[PDB]
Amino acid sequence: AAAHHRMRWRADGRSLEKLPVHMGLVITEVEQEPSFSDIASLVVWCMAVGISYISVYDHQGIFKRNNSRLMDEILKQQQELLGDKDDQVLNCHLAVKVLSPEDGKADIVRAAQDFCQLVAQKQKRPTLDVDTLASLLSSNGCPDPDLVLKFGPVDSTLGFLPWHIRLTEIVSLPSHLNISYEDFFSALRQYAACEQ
């Protein structure tokens, strides 16, 4: 009967001038091993307010090497707060992608290897334009992030989806440990006014 909580979060989502269709969370905090509890709450809040796809990124890969531990805690908090698991568990995996450095640059060369082998198969010719590249990457289906959130001291993307971040807004926050919904919401309130 926590349906009022869904009412509260959906109301916050429809209130912003603009909510990101796609959002990324980049965690530069390498001082300690990150806490999945804070990450899971962040993605849980995005879904609640109405953000379709979230991607979580760590340049060392500790999220991709721990998908199960992070997916476990994302589902639990959803059951815990938002409260038929097959469909719920399906919408979560469909919406949250866990990313690492091998998904932006190393993926860019993967598609290049696709065209070139098709060129060697006489099927493809170079005369490869702009939209042919986009549909050729692993973002064939999914759009590009409207907004990325940088958590931690480091002031780079650290190799996070260089092709897709072409027009996206970046918002950096001091840390993700012990993050609060009021903090995360004024980020969206920053992005809502952000010239797009």
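Only the largest set of C-alpha atoms that superpose within 1.5 Å between the two forms is called the rigid core. Start at 1 with the first residue shown and count on from there.
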Report task. State which stretch is farther from the displayed form on average in 6 other deposited structures of this protein, 95-103 or 118-126, counting RMS CA distance after fitting on the rigid core. Result -> 118-126
Query - Larger mean CA deviation from the shown form in 6 other deposited structures of this protein [core fit; 132-140 vs 165-173] - result: 132-140
Requested in this report: Check the entry and tell me how many residues of the deposited sequence have no coordinates between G83 and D84: none, 1 to 3, 4 to 9, or 10 or more.
Outcome: 10 or more
Query - Higher-B stretch (mean Cα B-factor, as the entry records it), 133-141 or 35-43 - result: 133-141
Report task. Name the residue from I179, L16, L173, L25 with the greatest C-alpha temperature factor listed in the entry. Result -> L16
Report summary line: Split the chain's modelled residues into thirds by Cα B-factor; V30 lands in the highest
**Report entry** Relative C-alpha B-factor of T127, binned into the chain's lowest, middle or highest third
**Finding:** highest
**Report entry** Among modelled residues of the same chain, the CA temperature factor third for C116
**Finding:** highest
